[PDB]
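Visitor: part one of the complex, untouched from its place in the assembly:
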Amino acid sequence: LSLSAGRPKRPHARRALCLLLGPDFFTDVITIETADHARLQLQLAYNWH
């Protein structure tokens, strides 16, 4: 599984045979723009299982 890893979530890193199904979390920085044209980068924990 050519997964994604790192902070800015590069699309091809962490290649790996396994696939965890447990309640983990990946932190990704996303740079989004508000309605007042003030762009801001923010992080989500993304609790997944």
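Guide: Nice, I can see it. Numbers count the residues shown, from 1 in each chain, chains lettered A, B, ... in the order given.
Visitor: Do a quick rundown of the strands in chain A.
Guide: In chain A, the segments counted as strands under DSSP state E are A:24-25, A:28-33, A:39-44, A:47-48.
Visitor: Would you mind pulling the contact partners of the first one?
Guide: Meaning strand A:24-25. Residues from elsewhere that reach strand A:24-25 (Cβ atoms under 8 Å, 6 or more residues apart in numbering): A:45, A:46, A:47, A:48, A:49. Using the backbone N, CA and C atoms, a C-beta is placed for each residue, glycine as well.
Visitor: now the sequence for chain B, which goes on the structure above:
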Amino acid sequence: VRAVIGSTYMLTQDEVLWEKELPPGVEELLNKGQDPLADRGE
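Guide: Following on from the chains above, chain B is added here:
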């Protein structure tokens, strides 16, 4: 020319090994693309 697959084949009296000539480019995709589900970034 036939494709024999199965047990360990022994060539008979009137058989010779046939070299399958793949088109160019395809030979690179079989050596490189061992698993395209994981090897896809390049």
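Visitor: how near is residue A:5 to chain B?
Guide: 12 Å (Cβ to the nearest Cβ, to the nearest Å).
Visitor: got a list of what that residue touches?
Guide: A:13, A:14 (Cβ atoms under 8 Å, 6 or more residues apart in numbering or on different chains).
Visitor: Pull the contacting residues for residue B:39.
Guide: A:2, B:32, B:33.
Visitor: How many neighbouring residues does the last one have?
Guide: Each residue near residue B:33 was counted by other Cβ atoms under 10 Å in any protein chain shown, and the total is 10.
Visitor: Append chain C to the structure above:
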Amino acid sequence: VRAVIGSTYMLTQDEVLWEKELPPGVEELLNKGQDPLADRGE
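Guide: With chain C now in place:
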């Protein structure tokens, strides 16, 4: 070619050891990924 697992196997008269050639990259993930639950930061 078969996978014999169990007791201490002894090769018979017509058997030879078969080398399983893994695709490239997979051999690194078996030596490196001994425990991906703990070895995950890299």
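Visitor: In light of the added chain C, please revisit the contacts of residue B:39.
Guide: With Cβ under 8 Å, 6+ apart, residue B:39 has these contacts: A:2, B:32, B:33, C:25.
Visitor: Of those residues, select the buried ones using a PyMOL command.
Guide: Restricted to buried positions by 16 or more other Cβ atoms under 10 Å in any protein chain shown, the PyMOL selection for the contacts of residue B:39 reads:
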select buried, chain A and resi 2
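Visitor: Where helices are concerned, which of the contacts of residue B:39 count?
Guide: residue B:32 (DSSP state H).
Visitor: now the contacts of residue B:39 in a markdown table, with distance to residue A:23?
Guide: A markdown table is the format used below for the contacts of residue B:39 (distance: Cβ to Cβ, whole Å):
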| residue | distance to residue A:23 |
| --- | --- |
| A:2 | 23 |
| B:32 | 37 |
| B:33 | 35 |
| C:25 | 28 |
